[PDB]
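*Asks:* what shape does this take:
(one chain, ligands or ions: 2)
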Amino acid sequence: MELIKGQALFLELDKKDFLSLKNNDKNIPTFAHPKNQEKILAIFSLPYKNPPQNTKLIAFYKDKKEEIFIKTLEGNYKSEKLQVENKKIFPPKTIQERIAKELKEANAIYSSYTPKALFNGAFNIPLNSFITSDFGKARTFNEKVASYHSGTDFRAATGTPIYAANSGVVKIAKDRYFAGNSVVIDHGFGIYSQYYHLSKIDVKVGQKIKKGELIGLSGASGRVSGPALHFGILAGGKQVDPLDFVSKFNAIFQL
Ligand SMILES: CC(=O)N[C@@H](CCC[C@@H](NC(C)=O)C(=O)O)C(=O)N[C@H](C)C(=O)NO
Ligand SMILES: [Zn+2]
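*Replies:* Residues are numbered from 1 along each chain as shown. Ligands and ions are numbered 1, 2, ... in the order given. Take a look:
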């Protein structure tokens, strides 16, 4: 199979006699195919930065092992040279500690696997706008990726209502350094939607929300380049192309 870096893939496996899906010694979780009773599904995601060239997954069955080969593709991402390699910046210690703290909290939430569907049918777009900056737009030095856009920016004047892309449980609902006023929703199966730079948060941690329910107001919080909604998807442990993901998910769970 082939997969563009920074994208997710839905692997289809036979259910009967299935034991384990493995990436070397890492376990990949599985969930029901919602239409085909004989199949299960796994989410496999490639990181945008420094992906392997090739992956081998092994589905272990009681009666057999099946190897899955995935070739990593570069895709057609927008990319710009910078002319300063200053990878080590010297923030104030207050900033350094807030970032490290918020990183630790995020890692703990994305670690808490929900082995159940919290969602309800297809993902909606969180507002009726258009993309102003694409997922995966890269900054390069040494023909190497130094940084990338890890979600997608929607056109939103300050105070635009933002609605939950799908049902789930709010796990983050506060002000963070890089994301500003942030909402993060667990949808189950390690799938998380992310709404950043909000001017107002209308949900609390641990709240069950419904698809199309108000989660806050768009803003420019934490945003140098002006007001927008930043929308992200974390799936299979990685930030992935969110409209590509929503499209692949919806093809499976719409009906
Ligand atoms: C690096 C990147 O392109 N986008 C994300 C980071 C991904 C979410 C994840 N990490 C943090 C720090 O929150 C989490 O821990 O939940 C961001 O915060 N702002 C970007 C610059 C933007 O482009 N705004 O428009
Ligand atoms: Zn963004």
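*Asks:* so who does residue 30 touch?
*Replies:* Applying CB atoms under 8 Å, 6 or more residues apart in numbering to residue 30 gives the contacts 13, 18, 21, 40, 41, 42. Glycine gets a C-beta too; all of them are placed from N, C-alpha and C.
*Asks:* what about the third one, how many residues nearby?
*Replies:* Spelled out, it's residue 21. Residue 21 has 21 neighbours, counted by other CB atoms under 10 Å.
*Asks:* which one is it nearest to, not counting chain neighbours?
*Replies:* Spatial nearest neighbour of residue 21, excluding adjacent residues (CB to CB, 6 or more residues apart in numbering): residue 28 at 4.1 Å.
*Asks:* one more: the fourth one?
*Replies:* With CB to CB, 6+ apart as the measure, residue 30 is the residue that lies nearest to residue 40, at 4.5 Å, once sequence neighbours are left out.
*Asks:* look up how far ligand 1 lies from that neighbour.
*Replies:* Taking CB to the nearest ligand atom, to the nearest Å as the measure, residue 30 falls 25 Å from ligand 1.
*Asks:* hmm, back to that, got the contacts of residue 30 as CSV, with secondary structure columns?
*Replies:* Compiled in CSV, the contacts of residue 30 are given as follows (DSSP: H, G, I helix; E, B strand; the rest coil):
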residue, secondary structure
13, strand
18, strand
21, strand
40, strand
41, strand
42, strand
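*Asks:* give me the phi and psi for the residue nearest to residue 40.
*Replies:* When read as degrees, to the nearest 10, the backbone of residue 30 gives phi -130, psi 150.
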